[PDB]
Structure formats: structure tokens, C-alpha cells
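Convention: sequence-line order gives letters A, B, ...; per-chain numbering from 1. Reckoned from all heavy atoms, side chains included, excluding hydrogens, waters and symmetry mates.
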Amino acid sequence: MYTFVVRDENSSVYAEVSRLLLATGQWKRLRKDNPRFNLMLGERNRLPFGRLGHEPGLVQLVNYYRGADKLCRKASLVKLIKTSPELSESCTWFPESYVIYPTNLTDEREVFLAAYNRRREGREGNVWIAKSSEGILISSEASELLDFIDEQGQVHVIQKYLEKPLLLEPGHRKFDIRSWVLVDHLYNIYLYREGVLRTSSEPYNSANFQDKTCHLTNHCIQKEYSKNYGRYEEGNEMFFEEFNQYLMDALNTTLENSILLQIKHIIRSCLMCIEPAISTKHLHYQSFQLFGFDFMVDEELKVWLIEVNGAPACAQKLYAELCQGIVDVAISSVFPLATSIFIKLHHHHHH
Amino acid sequence: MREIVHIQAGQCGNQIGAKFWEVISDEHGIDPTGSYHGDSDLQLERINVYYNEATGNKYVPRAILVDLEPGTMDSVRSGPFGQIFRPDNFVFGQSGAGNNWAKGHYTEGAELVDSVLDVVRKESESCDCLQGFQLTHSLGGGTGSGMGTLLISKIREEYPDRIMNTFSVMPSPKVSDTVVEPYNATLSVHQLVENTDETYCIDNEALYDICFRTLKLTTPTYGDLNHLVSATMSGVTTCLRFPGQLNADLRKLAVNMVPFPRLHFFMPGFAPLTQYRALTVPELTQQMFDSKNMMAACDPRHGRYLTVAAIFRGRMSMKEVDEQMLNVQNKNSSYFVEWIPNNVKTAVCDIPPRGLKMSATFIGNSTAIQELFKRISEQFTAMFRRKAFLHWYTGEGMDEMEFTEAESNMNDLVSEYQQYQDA
Amino acid sequence: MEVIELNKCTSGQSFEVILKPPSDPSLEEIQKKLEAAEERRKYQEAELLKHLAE
Amino acid sequence: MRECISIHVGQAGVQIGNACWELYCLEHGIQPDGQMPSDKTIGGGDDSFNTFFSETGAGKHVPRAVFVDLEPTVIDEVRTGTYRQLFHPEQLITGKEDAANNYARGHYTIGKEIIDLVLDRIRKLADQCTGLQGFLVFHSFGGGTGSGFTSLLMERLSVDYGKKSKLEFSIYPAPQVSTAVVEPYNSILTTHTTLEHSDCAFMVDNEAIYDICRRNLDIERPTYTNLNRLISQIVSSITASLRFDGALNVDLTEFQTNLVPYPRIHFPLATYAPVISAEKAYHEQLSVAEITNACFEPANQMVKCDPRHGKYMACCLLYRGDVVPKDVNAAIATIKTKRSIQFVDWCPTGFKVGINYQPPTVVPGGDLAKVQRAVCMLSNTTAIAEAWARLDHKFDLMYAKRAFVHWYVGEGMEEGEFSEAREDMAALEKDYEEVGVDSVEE
Ligand SMILES: Nc1nc2c(ncn2[C@@H]2O[C@H](COP(=O)(O)OP(=O)(O)OP(=O)(O)O)[C@@H](O)[C@H]2O)c(=O)[nH]1
Ligand SMILES: Nc1ncnc2c1ncn2[C@@H]1O[C@H](COP(=O)(O)OP(=O)(O)CP(=O)(O)O)[C@@H](O)[C@H]1O
Ligand SMILES: Nc1nc2c(ncn2[C@@H]2O[C@H](COP(=O)(O)OP(=O)(O)O)[C@@H](O)[C@H]2O)c(=O)[nH]1
Ligand SMILES: [Ca+2]
Ligand SMILES: [Ca+2]
Ligand SMILES: [Ca+2]
Ligand SMILES: [Cl-]
Ligand SMILES: [Mg+2]
Ligand SMILES: [Mg+2]
Ligand SMILES: [Mg+2]
Ligand SMILES: [Mg+2]
């Protein structure tokens, strides 16, 4: 009889995982502050990693990687890419990005305009987005960006806006791709074979960057502020079977060749970069964690990483499968009970 | 922390105390004449905790024997180890106490108690460093109960910085001498709550049930109850009588077992319950925590453990003992209070008790002990609400108010346990 | 990666390697505290003995 | 030459002292009867080893050491054991009843009656010193004497030797070998009272030593003897620069200067490699690269914690055996490109390196294999505050219910000292966080 504790009550994924664990009849849930657990499904903020792994007679496992926030915060991700040799500034799949602190509060504001001006000079599309880790501005004029940033009080990021996105027809409309990645205690990287396209139901419009429902494919901003939520697909959600058949019919490619190769390359590069900082291979406790990677596809079928989410929810159709997979490869791998839905990402090129 | 002074009071106190001295004199290789004849010198390293050394290398129990009638102490003096005791430490009256707490505490016992304290003082004065006192008695009679609690009060007055420890046999209607036992027991518990540091609750209910259900004795005698008691007493004092790290003196035990001054009533347990089958470390561990091995008729699942001391005896794997203790805690963690971290402490002693190659003794501070006190309370109220049998007590000068007060204090103790069971 | 302050002797050697540059109460008070604690002990004992005298 | 006096308090302090002085004697060729054939200046001298040993006309080398315990059984084993003749009776001080795992009993009740005798025996030792540097104090956090008496002694040493340095070696409590439920209380209490009086303190978590003994020495159930022989190796590795010729950490002041830029953050993490079982039939000797790399595995630390998720303020490598600087610098270069080693901004990223060519000495018949080179890393990393976090959590759990507090109040301690000590620990955890961390349904 294995034991576990639940310290995040607002998590779809791990609510479903707890229910499956109980249904096995080999897992017992304890009170959130009982220390004699095998498994901690922990809180998202200030999780006490320092108290794990000091319980004699208990192999202990937690569903977060201490240190993985460097990937999963806007400013820390841009810092990690620009400063890590294996990602480098010569990184072809991350959009040009700069970290900027409000005037109220290193910062990169000077270096940002250095390139902004050879895009003013150079005739190039000079549209940029500003975001923080609600509160988005898209503009071709830098000073609207900087002033909007200093109007707020937290650190923001300025990132090149991708002006030529791939657009689904019918609709002439934007989307982003969400991939779910499980990293187990052995640092196997498992991509869930089902992704989801969060589409916009509004046609794209390169002239008014201020009506942000053809520009922000977030399921929330589409579920209310947009007119056509659910026209083409249920809940602005296209899945991989459909998107693949579309690529085959319209572009004469597959999802595998034109997009997924890049996505796997990006996931493996990010996680292998931070692996020495977060691995629990020789630690007194062990970690796994579920990530959501968010990608954009431009019109030449080039994939761009937009961000990484350290605590993602699932698509409602997929919970059942994904959560069962989490118990299969992340939990029962460590604590055995009495056609994999994942692709293992591994590659050993010799040179 | 070296010497312990032992006191046994009344019929039950003296019968079980004599069995206790027999058992541990056997363990320490001391023979009925006080001569050492053992093979290990772990037998002698801490022999002075319980024995004085006379010359001839004779070992004399630091034991004072107390009664208000001479009957049981004559039988002790004629029993197996009767002559080992120091003759001047037999302190007895002639009149008896009539199963009456008031006679033991206020009238007959008051006449004898100074005699007892003279012997107690002569024994304490020859102590290099007295740790304190242990008393064996019942709560259901008059001498062990009334005079026993009188003695405890007087000893605390004269040695307020020493540990006071009792083995207290609780009355049960299933094994009962008179109808007034709930009165005597309630009055005594009131004293114990205030004036002892650690009390082993031995329930004649539980001893009976073990003898009947488990040892397949159809007609248990006091003799059979006292076998269980003397085995348990030997177990719970192992750590005081042999070299070791954990709970090796009375104060350190108190510090580990008593998180709140009044909640010092312990549920003891023993395994294996007594054959030639070998018992494995997992089997010892499961049995010692089994409700059916507890000497206090309380369901441990009805409460939570505040603290636990476990003592394994014999040659076995330390690694396996640690693993099994960890396993019981980890798989029944709900029953140990989460606000006392690491509240289960484990000792191992290489010398097993007579007739066994392996044994385990359990000492639990469980909130489930409240079931014992509730039981006494109900039996008390059933009579007290009609003031039945009171005249035996008012005839010795007691007033009903003293009963009302002792009942209220016992119900307060029950409430305090319930508080920590829900904290 | 710079090695400095190298010192050698028959017993061994020491040095430093830089990879990157920088980017009480009196006797009085004590005895007062010990004696305040002893007095709290003596008061608690006197309260106990008063109760036992009653 | 400047002398150091060692003070061993309580069971843990005394048994660890036994093991350390045994080792020292083996390392300097001093026989159990105190004679040292290789010491050619009979009856005196100011060699490096005289920092720890004084000399008699008969040629006896006598530890500069005081043993204190509030009960006699443990120091009696010193009085009658293998090194009976090393120590002079006046250096071994016992009471008769101990502190019952109760800080308040060791500090207020029994401490008050023994402190003056102890300070007088310490004063005798200091009177035979031409230039005392200060003190090395060994004790447990969890015991009543180790916590309570040690904190009293520390305050009084600050009073009577106000300019001397004071170093601690402290055993942090582990349930697998602990003797008492109230050890979190005692720990916090003694840390609170000792903090401003200690210049540098080396914490040893019994849980880390216990797992090292099981995993690398293949001891199924380690005893205090196993633990203490390993601890004595680490301690000797740390003090070797006071006892041998060299230029790193040659006096107590240098430990603070090299390891403690902020005086409250004075708890360096020790990491030791290699630990090799003596019954291991076939062993391939580890290189400079491998043992230096092992300095960065949490499994080899004296406190289990994760230095990747904190920052370094200082780092010292202490090597014993066949080691030359070029191999050290190559190993460090390799390691810095494969591991997470972040220093605080206001400190240089670098290592101070000491090499003594004599490889570790091991006790004949002990558990530890002889090896050709070994290393002890002393790093001041904020990650050691994980241990404080653990202690403070257990303290909070019990004190919220006032469980066991009456034992301390009954010794004359005021309940408010509990919350004072706990708030000092909260400040301390806050300091570690300020130094070591940066500002941090989808
Ligand atoms: N590593 C190690 N730890 C020890 C040793 N002896 C005791 N301990 C630990 O120290 C704590 C107990 O404190 P002790 O040093 O025994 O207590 P004490 O200082 O003698 O104080 P009192 O007995 O209460 O008077 C527990 O955490 C023990 O596991 C030892 O020899 N080696
Ligand atoms: N550089 C960029 N270029 C073009 N479009 C971008 C972009 N960055 C973000 N977007 C658009 O904004 C949306 C992403 O916003 P953001 O990266 O801040 O996610 P979020 O934190 O608001 C919710 P979630 O964490 O679930 O993704 C995408 O749908 C995308 O269409
Ligand atoms: N377990 C046990 N209980 C006893 C024994 N003798 C008497 N009792 C119980 O003790 C109580 C009677 O007290 P007793 O010791 O005879 O009275 P006292 O002589 O006045 O102290 C009742 O609860 C009896 O069941 C005995 O030898 N063993
Ligand atoms: Ca009379
Ligand atoms: Ca000399
Ligand atoms: Ca100071
Ligand atoms: Cl001075
Ligand atoms: Mg986000
Ligand atoms: Mg009778
Ligand atoms: Mg008289
Ligand atoms: Mg001790």
C-alpha cells in the first residue's frame, strides 16, 4: 500500500491522477501535512523540496522538478536561452527577445532598441509583442511598448511578433500548438502523442494589431471576446488527426515531417540544457514533472517556441489518456502495482 | 541516575511484586539466597538499579513491602524468593483495610505510613544517586489504593525532585472482589494524575480476556493474571536494568513519553503471548502492536498514539527490527499524532526473558486509554447517583464532596485525552 | 583560470585558483539569568509544598 | 606556534573526541602511553603538532583537551580505556546525574553547578599556553548536556577569553539513531544561544553519516563507533592545517576569514571522498578528477542538501595524499563546465586549495580502506539552510501544541525563550534566502 498527499487542490491533471491512484486500491491518500508519504502531488509555489527525502523507510517522489522554473517563466526562459552555450544567441527556433524591468524598478532596454532601429532603417517588419509572466501589447512603435511596460510594475519581455503565421483555411486564421511532455525520475523525456491546436476563430489582420482576438489564440480570450467561437471546431480546438489531414490536403506534407520533427528537437534541446541543474538521479528524493510547450508555426512551416508552462492543464478529451499515462510511466515506474501513448525523445549523434 | 526504590503495597501489590522480583532475579542470575550465579556480565553491569550489595557479594532487593494485614506478606516470606528480601523492609499492620480507600488513606493507613517512610528514608540514604520510586499496587482495594496513594503524596513531599512511577492494576467487574472497586479506583486515579510521573495501566479486564481468549485458560486464576503482569513488568523495565541508549533511566523515559503532565497513563503490551515455534522479527512486531496483546482493555484504533517505546529482547537483526518498526508506522501513520515527529522509539537488548529466544514489549501513550477511565466513571456514577455503599466511607470521616471532586477530575482527564485525539 | 599564492614545503603545498572575479553579555547578566531561573524553580517547588501541606 | 584547546561536551562530544584523538595519535606517531619517538626535542617544543599536544619532561605528549559530561559512564570509559595514560585526571570532568535530554536542565539547573569547575580546568590548560588561539568545541544538538551546557559554556568563554576564536563541531539530530523526541527543541535552543558566540561551526547530520556508512561501507546497521570513526576522518581532514606545516588555514582566525564573510552565516558544508570499505576485496584507486568530482555529489556531504539550488560564498579543497596542483586545476576546469556552481555576486568564483602529501591514516581494524588520495571540501553554501528548514518545521509542529514544554518550564526556563529562539531561526532562514535566491492552470 503506497501513500500520497495532495497539496494542489486546483489542478485538473493531478485531481484525475489522485482518483486513478485510489481506484487501483493500492494507493492510500493521507492528510496534506502527514510526512510519511511515498508521493507528493505538491503546491505550485514554495514547494518544500528541502524536507523531501529524509524519511527512513520511504522512497519519496514529487511531481515537480526543483529548478524547472528557469524554463517556465518568460524572463528566465529568455535569459536561459541567451546565456546557455548549447542554446546560444545563435538559436534559430526562439524569437528575438529582450527582458525589460519597469522604470519603477539586469535589464536590456538599451540593447533592444539597437536592433529595433535597424528594423526601422532596414524596412523590415518591426512589430513586437510585450508580455509578462492579461497585459499584452502588440505594436510597431517601440515607445508604446516601453511606456506600457513601465505603466505596470513587474518585469516584462519584448519579443518579435511573428508577422507571417501559418493560417488555416477556411478562416484565414491563427493558432498555436500545445504539446504535453512528461519527464520521469530517470530524465526520460516523453512527448504525449496527442497535441492540440488552440485556434483563433477570427481571420488574421496585419493592419490593426490592437483588436486582440485574431492575434491571441488563448482559449479564454476566444471563448468570450470572439464572435465565432466554435464555428470550425469545438472550443477552438483542432487535434492532430485533423490538422494532419489538412496539411496533407492543402500543403502536400504531413504533421510529422513539417512540424513535429522541429517540435521534438526543441523539447529535447531545452530539457537537455537544464538537465545538469535539475536532475534527481543521485538525490535523496526523486522528481518527475509535466510540461506544456507552446509553439507557433510560420508560413514557411518553421516552428517557433513561444513559452513553456510548468503546471499545464489538459484538453478535456485527453485527460483520461494523459493522466493514465502519468500514473503508468511516472508513478508506477517507481512504485510498482501488483502501445505507449508517449514518444521517447532520445538521440545520440556521434561526432 | 542509578538506584530505584521499589514499593509494593497491599495484597495485589505484594503478590505481583513478589512475582516481579522472582522474574528479574532469575534474569540477573540472582538466586533465592541472594548469590550471583550467572554467565554474562551484562547481568551485573546495572544490577545496582534494583539491588543493594551486601557482603559476601550478596544482592538484596531495594524493596519495601507494605500491608495493613500480615497475611499476604507471610505468604511472600514463605514463597520462592521470600528470603531474598531484607527483613526490616516488611512493614505491616494488623487491622486490614476492608477494601476501603478511606481506611487506607485517612485512618488505618495514616497510623502505619510513618513506619513506611522511615524504611523509605533508610533506603534512599544509602543511594549514590536515587532516580526515584516505583510502586506496585491495585486501585480497587484499600491498602494498595488508599495507603498507596497516601505514600505517593508523602514521598513527593519529601523527594519532590525524584521520579515517581507506578504499576497500577485497574479493577474490572469481570474479575472483581467487591462492588466498591469503582469508588476506590476513581479516588486513586485522582491522586495518580497529580502525583506520578508515569503509570503503567494494567487492566484486570484485559489480563482476564488474554488468559481466556488467547492462552485458552478456561478458569483463569490470579496466579495466571500475575504471570502476564510479571512478564510485562520485566519487559518494561529492561531498559533500566541493562546497558543501553534509549529510555535507560526514569527521567529520560518520562521526557520521551509524557508530552503533557497529566497524560502519563501508559498502555503496556507483550509478545509472544505465552511453546517452541520460533518467532520472526515481523511476527514480534505485528503481535506487540496487536490490541489482543495490550494489558489495558482499550482499542488502539479508537485513539491516536502520542508516543511509543518498544523494546525487543534476544538475538535478532537490528536492521530487521528497524525495518519492521518503520513499516508499522508508515502503514498505520494515521494512528500516530503528526504533531509529535518521530514519536516511536526502539530499544534492543541481547538478553531475552526466560523460556523465549525472542520477545517484544510495547509501551504506548494512546488517547484510547480514555476508554479505561470512562469505564470506571460509568461504574462509579451508577452507584454514586444513589449514594450507594457511601456509608463505608463517611464512617471514616469522608464527605460526599470528595467523591464529587474525584469524579470531576477523572472526567476532566477524559476530556483532555479527547482534545488531543482531535487536535 | 589564475593560480596565485602558491606556497610549497616538504609537507605539501597550497594555493588559490580564481575562475572569475567578483561580478556579548557580561558575567553579571549571565549570573542574573541563571539565578532568575533558579528562583522560578524554587517558587514552583514552594507552591507544590504549600499544596501538599493543605 | 599558537595553541588550540579542544572541549568535548556530553556523550556525542566525548565519543567523537575519543575517536579524533586516537586518529591524531596515529597520524603523529604518538603511542597510547603518550611517548612520541620521532619528537627529538624532549620536554618541549613549538612544532605544528604542539598546537594540539603539550609535553612533559618524561616525554609524554598530552592533548590540550577537556572532556565534560554531566554523568560519569562515558568519560569513565576514557579513564579506563586504551588511551587512559594520555589524559590527566584533571582534564576529565563528570557530574553524577545528567540533563535527561532537556536543554533547560543542562543549561540552567545542572549547568549552574558545574560551569565554574569546568572554566577552572580550562583555565589550567590555558595557563600552559604561550599564545592561545582559541577553542574547538564538540557536542550534539540533541542531548541535554550537548545543547544546554555547551551554550552556557560558550557564553562564558566569550566572557573570559573575549578575543579568542571559537569553532564548533556539531552533531545534528537524526531519527535513525536519536535518543529523544525533543531533540528539535534542544537544537533550536542551543543554536539560538550559541550563534553570536561561535565563529565557524561544522554541522554533521547523523543521517548523512549513517547512510554513507550503509551505502559505501556496507554496514547494515551502523553504530556510534562506525559513525565516529568516519566523523574523525572528516574532522582530522579539517584540522590538519592547524597540526601540520603548510600555508592554508594555519590558525583559527583564517577559518573565519576563508569560509565566513557574513558572521551569522557561519555553517560550512563539508563533503568527503572517497569512503571505501576495508572489506572490499578489489578496489581501483580513484584519481584526483574522480574524488574532486565526488565533492559535488550530495551523497558524499555531511548534510544532505542540494547546493545547485543555493549559492556559494567560499570554497576550500583539502587534499591528503598523492596530489599535485596541475591535476587539481585540470579537475576543477572539467567540473565547472559540467556542474551548477554559482557564487554570490560579491565574491570571486574560486577555490582555495591545500595539499598534504601524507594520505589519510586509518584505524587498524576499522571499516575504512586505505586510499592513495582523499579530499575534504569545505564550501559555504546557502543550501545548508535546508537543514534549518527541517529542524524548524519539527519544532513548529510540537510547540504549536506546547508538547513537552512543561519539562523545560519546570527547570526554570520561561516559555518565551522558545519563541525567541524560534524567531532567531526565522531571521536566520531569511538571511540564507536573501543571500542565496533571486526574485522569481495553463
Ligand atoms: N555521531 C554521534 N552521535 C551521537 C553519539 N552519541 C550521541 N549522539 C547523538 O547525540 C544526540 C543525543 O545526545 P547526547 O550527546 O547523547 O546527550 P548528552 O550531551 O550526553 O546530554 P544528556 O545525556 O541529556 O545529559 C542524539 O542525536 C544521538 O544520536 C556519538 O557517539 N556519535
Ligand atoms: N512572438 C509572438 N509572435 C506571434 N504571436 C505570439 C507571440 N507570442 C505570443 N503570441 C500569441 O499570444 C498567445 C500566447 O500568449 P502567452 O505566451 O503569454 O501565453 P499565456 O501565458 O498568456 C497562457 P498559456 O501559458 O496557457 O500559454 C499565443 O496564442 C500567440 O498567438
Ligand atoms: N491482577 C491481580 N489483581 C488482583 C490480585 N489480587 C487482588 N487483585 C485485584 O485487586 C483489587 C482488590 O485489591 P487488593 O489488593 O486485594 O486490596 P488491598 O489489599 O486492600 O490493597 C481487585 O481489583 C482485585 O481484582 C492479584 O494477585 N493479581
Ligand atoms: Ca488503630
Ligand atoms: Ca618537542
Ligand atoms: Ca562574539
Ligand atoms: Cl582574551
Ligand atoms: Mg503562461
Ligand atoms: Mg483482596
Ligand atoms: Mg517517626
Ligand atoms: Mg548523556
Side-chain angles (χ1 to χ4, degrees), chain A residues 8 10-13 15 33-35 44-46 48-57 65-70 72-73 75-76 79 85 101 105-106 133 154-155 178 218-220 274-285 287 290-294 307-314, chain D residues 172-178 184 205-208 210-212 214-215 221-222 293-294 296-301 303-310 335-342 345 382-394 396-397 400 429 432-433 436-442:
Chain A
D8 194 352
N10 313 155
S11 148
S12 324
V13 180
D33 206 57
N34 182 345
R44 301 176 32 180
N45 314 110
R46 306 270 291 179
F49 294 102
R51 309 203 300 263
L52 299 167
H54 304 273
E55 277 305 331
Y65 262 99
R66 194 185 188 185
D69 52 283
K70 293 202 143 13
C72 308
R73 295 286 190 304
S76 62
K79 196 213 170 264
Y101 290 72
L105 308 102
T106 53
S133 210
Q154 322 298 39
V155 181
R178 148 72 56 88
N218 314 48
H219 187 288
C220 75
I274 69 181
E275 177 182 17
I278 72 172
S279 180
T280 67
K281 271 162 242 170
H282 290 314
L283 253 204
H284 40 290
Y285 72 89
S287 288
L290 180 74
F291 302 86
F293 286 77
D294 293 337
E307 79 157 339
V308 185
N309 293 279
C314 203
Chain D
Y172 172 110
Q176 277 158 307
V177 293
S178 86
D205 191 338
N206 268 348
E207 168 207 64
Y210 191 87
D211 279 335
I212 289 162
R214 290 198 300 188
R215 184 195 329 120
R221 214 285 189 185
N293 192 39
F296 293 87
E297 283 304 319
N300 297 324
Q301 298 164 183
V303 183
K304 289 177 174 189
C305 66
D306 197 343
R308 301 168 301 169
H309 303 289
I335 290 169
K336 186 60 182 33
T337 74
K338 65 143 160 303
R339 292 200 183 263
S340 322
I341 298 173
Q342 190 81 22
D345 286 332
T382 58
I384 207 157
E386 288 174 44
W388 301 131
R390 295 165 49 218
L391 226 38
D392 286 335
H393 183 69
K394 296 183 195 279
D396 286 346
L397 282 172
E429 289 201 62
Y432 275 99
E433 193 155 289
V437 187
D438 316 278
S439 271
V440 59
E441 287 286 286
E442 334 165 88

Item checked: Option in D:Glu386, D:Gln176, D:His309 with maximal non-hydrogen atom pairs under 4.5 Å from chain A -> D:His309

Check: Counting heavy atoms not belonging to A:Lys70, are there more than 12 under 6.0 Å from its NZ?
Finding: no

Margin query: Which one wins on heavy-atom pair count under 4.5 Å against chain D: A:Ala75, A:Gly57, A:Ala313, A:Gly67?
Written below: A:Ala313

Next item on the list: Between chain D and each of A:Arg46, A:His282, A:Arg44, count heavy-atom pairs under 4.5 Å; write down the option with the most.
Entry: A:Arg46

Check: Is it the side chain or the backbone of D:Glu297 that comes within 4.5 Å of chain A heavy atoms, both, or neither?
Finding: side chain

Item checked: Under 4.5 Å from a heavy atom of chain A, the part of D:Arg339 involved -> neither

Where does [X] contact chain D at under 4.5 Å (heavy atoms): side chain, backbone, both or neither?
X	result
A:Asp294	neither
A:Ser76	neither
A:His219	neither
A:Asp69	side chain

Notebook entry, point to check: Would you call A:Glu275-A:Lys281 a salt bridge at under 4.0 Å N-O?
Noted result: yes

Next item on the list: Kindly indicate whether the side chain of A:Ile274, heavy atoms from C-beta on, has any atom under 4.5 Å from the side chain of A:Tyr65.
Entry: no

Checklist line | Side chains of A:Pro276 and D:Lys338 in contact at under 4.5 Å (non-hydrogen atoms) | finding: no

